[PDB]
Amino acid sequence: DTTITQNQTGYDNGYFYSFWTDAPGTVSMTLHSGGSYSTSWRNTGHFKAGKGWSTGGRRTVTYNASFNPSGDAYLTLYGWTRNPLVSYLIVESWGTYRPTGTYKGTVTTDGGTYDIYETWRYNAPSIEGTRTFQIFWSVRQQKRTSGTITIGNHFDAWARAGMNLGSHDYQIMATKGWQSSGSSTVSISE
């Protein structure tokens, strides 16, 4: 297995991965076989790490996870588009705080009901550099740590709500953390 501690993307055991933090040395990601990885973090800053695909799309993804946050963290499908510049999250579980934004509707899919939100992020890290951009959210109403995500059902609900996606960059089943400690192990597949 490979331990990642510096911002990078690449491929491991057939799958794209991405690691990003603004607090190097406080978080690591261990790449396991197939679509599997773990993370460990301690009094960190911001971090996002996961395996998935370098070009996102309307995939039906199945994941199985162990998720043990001590504070603010998400277990979430995460990705980016350009033209327009958008980041999006399908949040399956969280730690101390359930994320919210401007309410936009609800979508029911894969046995659960999700609230839909939009937020704006100002002068923040993006795939293009420091930029201002929209975040699209589907947040499950009840936490879960395994199951299937029919991503097309979220994209379509967002579009019905006036939330328009662009050309896809990467798409990962991510662990994301903010000023917390914890661990995770996440195993994905299309």
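Take the two forms, find the largest set of C-alpha atoms that superpose within 1.5 Å, and that set is the rigid core. Quick note: we count residues from 1 along the sequence shown, nothing fancier.
Stretch 124-132 versus stretch 25-33: after rigid core alignment, which one is farther off in C-alpha RMS in 4 other deposited structures of this protein? Farther from the shown form on average in 4 other deposited structures of this protein: 124-132.
Give the stretch, out of 87-95 and 116-124, with the larger mean C-alpha temperature factor in the deposited entry. According to the PDB entry, the answer is 116-124.
Tell me which stretch, 158-166 or 125-133, has the higher mean Cα B-factor listed in the entry. Comparing 125-133 with 158-166, the higher average CA B-factor belongs to 125-133.
Please pick out which of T21, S181, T175, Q171 has the largest Cα B-factor as recorded in the entry. Going by the entry's C-alpha B-factors, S181 comes out highest.
Relative to the other modelled residues in the chain, which third contains the C-alpha temperature factor of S28: lowest, middle or highest? It belongs to the middle third of the chain when residues are ordered by C-alpha B-factor.
Chain-relative CA temperature factor third for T76: Its C-alpha B-factor belongs to the lowest third of this chain's values.
Assigned third (lowest, middle, highest) for the C-alpha B factor of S138: According to the entry, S138 has a C-alpha B-factor in the chain's lowest third.
When the deposited Cα B-factors of this chain's modelled residues are ordered and cut into thirds, is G147 in the lowest, the middle or the highest one? Within its chain, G147 is a middle-third residue by C-alpha B-factor, going by the deposited values.
Considering only modelled residues of the same chain, in which third does the CA B-factor of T100 rank: lowest, middle or highest? Highest third of the chain for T100's C-alpha B-factor.
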